[PDB]
Protein chains: 2
Amino acid sequence: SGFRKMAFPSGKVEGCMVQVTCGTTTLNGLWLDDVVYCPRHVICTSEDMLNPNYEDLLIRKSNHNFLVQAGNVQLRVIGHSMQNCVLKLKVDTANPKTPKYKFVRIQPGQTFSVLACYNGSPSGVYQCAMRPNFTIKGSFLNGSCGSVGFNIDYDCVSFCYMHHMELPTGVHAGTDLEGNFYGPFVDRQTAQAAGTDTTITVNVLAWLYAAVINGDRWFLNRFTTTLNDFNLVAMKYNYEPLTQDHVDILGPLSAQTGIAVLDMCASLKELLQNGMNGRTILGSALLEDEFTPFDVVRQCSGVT
Amino acid sequence: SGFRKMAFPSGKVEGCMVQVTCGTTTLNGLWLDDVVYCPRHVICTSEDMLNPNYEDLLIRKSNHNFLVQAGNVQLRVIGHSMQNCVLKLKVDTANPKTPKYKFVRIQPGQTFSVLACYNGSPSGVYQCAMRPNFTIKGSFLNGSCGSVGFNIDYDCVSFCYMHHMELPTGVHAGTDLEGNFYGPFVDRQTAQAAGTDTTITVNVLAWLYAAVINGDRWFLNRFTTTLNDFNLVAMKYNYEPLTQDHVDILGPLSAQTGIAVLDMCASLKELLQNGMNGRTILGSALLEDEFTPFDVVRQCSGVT
Ligand SMILES: Cc1ccnnc1NC(=O)Cc1cccc(Cl)c1
Ligand SMILES: Cc1ccnnc1NC(=O)Cc1cccc(Cl)c1
């Protein structure tokens, strides 16, 4: 009973967080095995951020300039290298708390948990989606850079995001763990266009299935639609076009509830065209797109 | 930049979760020092739940009937006792992962994080509020009983909730860690009235301050109100009456933003009387009441 925006338990990731300081800049690092990963802009001052030449800035730094700490543990840095927008600091000690992990590059529309950290200390955890425009709408203040996003499958942590910056619009941008930005962004203090975002249609449909499973059913109607007709409505309302691949991933939810995917599309079409009429679905007064079909199945079956 | 429904990092609590089995019933337990706490209904079968005599049911159980496990660790039970609706199983080994902790009974309207668990394994973490009617709207399935709610201050975990049951309405009920139910509930399979709930006014005001801090300002108006006038509106809309104690706790937010508490009350009055007009505040199309003033200050200042 009930359906919440749930994050993965963060313990496995808390055990990896360290503080990285270079010069006057302090941010968060991720310590896995004998490597600490952090945003490369840890080597910048404020005047450097307007147009940094990272290669030149990194040449002025030595291993001993990177101060890495995790409470009472000071780590000894024995190597440093830049990979895209991340620095990899080789340390002489493998993190005893390294969980089983992978580095993955997620697709837009996928969800993950963020462990917000400041000065290497975890402050909170929340679930969010990678927007179709490759930004995230997180909660990040100065010092949160280097905080990571992840998913967990059994005992394996798949790290997918490292936070780098806030755009002038207040949305967030960052990289995969190889330092490649999601989206067109660069790690520089210049105004940068995020570009047109859309609503993640397959996730809204998944959430409407979660709603029916939990008893919110008022939006079910006597109609059906086609992918073509639904996509005309999706276009008008800035929703992602629905494909057969999306219909296929909704298969388990359609099978469990007995509501055909195109019939749920007709409920979504009617909600887009008429609004909520002052009612709510799973405690929301808008159409929620931060739950994937996999998230809904996981939460509705009690997977650990 | 940004404001999210953030949970506390759950690692300290994940280290305390165990599975407790008695007979055919399995649920979650909390292992702190050399005691495991769990709902007393672990001793019931399904036929017992309609009207259990817990004292009699517990008399048929011995220490060796309580199977406690945490992965590869089987705990040896050397004592058992019932305290209100919880069982306390004394074990021969102190949990090496016991964090600094306290047991607290929270007030209605306060928030906390829940680590949803099944069979002793954490599945997810979310933040919620204790409703004014002493229920929570969580996400709990069969086997989640014994999952706990908590807050964290520095390195100290204050455990405030243990989940016991879902009401026929799909809302959740549970106890403090001394086994006293929040609200009028009893641990029996009987339909039980939750009673009239209200919206947590001070939390909505705190969240409107979080909104102004993060740039959502469209709801600010040229008006002011009084506590008396505001409370007539609060009454009409089933909001908790606002008191000077609530105004006092909003003081830091009023000081930071320069918006007097009664001026924010006039914005809230106008939103109650006119609705959102199809707009959003911090990504919500309704007035959010699951952030306390302390939560807003914590999140807006980046506290770890
Ligand atoms: C102040 C802040 C808030 C939220 N997230 N990040 C934050 N820090 C920054 O954006 C700092 C920064 C400035 C230019 C480029 C880059 Cl890569 C980083
Ligand atoms: C099935 C389920 C879902 C969510 N939360 N809890 C759940 N279990 C129960 O409510 C089981 C139960 C039945 C009667 C009394 C008591 Cl104390 C417990």
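Sequential numbering from 1, following the chain as shown.
Even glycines carry a Cβ here, placed using N, Cα and C.
Long-range neighbours of B:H41 (active site, for 3CL-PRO activity) (same chain, six or more residues apart, CB within less than 8 Å of its CB): B:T25, B:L27, B:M49, B:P52, B:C85, B:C145, B:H164, B:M165, B:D187. The feature active site, for 3CL-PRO activity is assigned by Swiss-Prot to B:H41, with sequence analysis given as support.
Look at B:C145 (active site, nucleophile): DSSP puts it in coil. What Swiss-Prot lists as active site, nucleophile is B:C145, and the listing cites experimental evidence.
Secondary structure from DSSP puts B:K5 (ubiquitin cross-link) in coil. Cβ neighbour count for B:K5 (ubiquitin cross-link) (all protein chains, 10 Å cutoff from its Cβ): 23. Marked as ubiquitin cross-link by Swiss-Prot on the basis of experimental evidence: B:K5 (among others).
Annotation note: B:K90 (ubiquitin cross-link) sits in a strand segment as assigned by DSSP. Swiss-Prot lists B:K90 (among others) with the feature ubiquitin cross-link, giving experimental evidence as the kind of evidence.
Spatially close to B:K90 (ubiquitin cross-link) yet at least six residues away along the chain are B:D34, B:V35, B:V77, B:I78, B:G79, B:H80, B:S81, judged by Cβ distances under 8 angstroms. In sequence order, the recorded positions from B:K5, B:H41, B:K90, B:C145 that place a Cβ under 8 angstroms from a chain A Cβ are B:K5.
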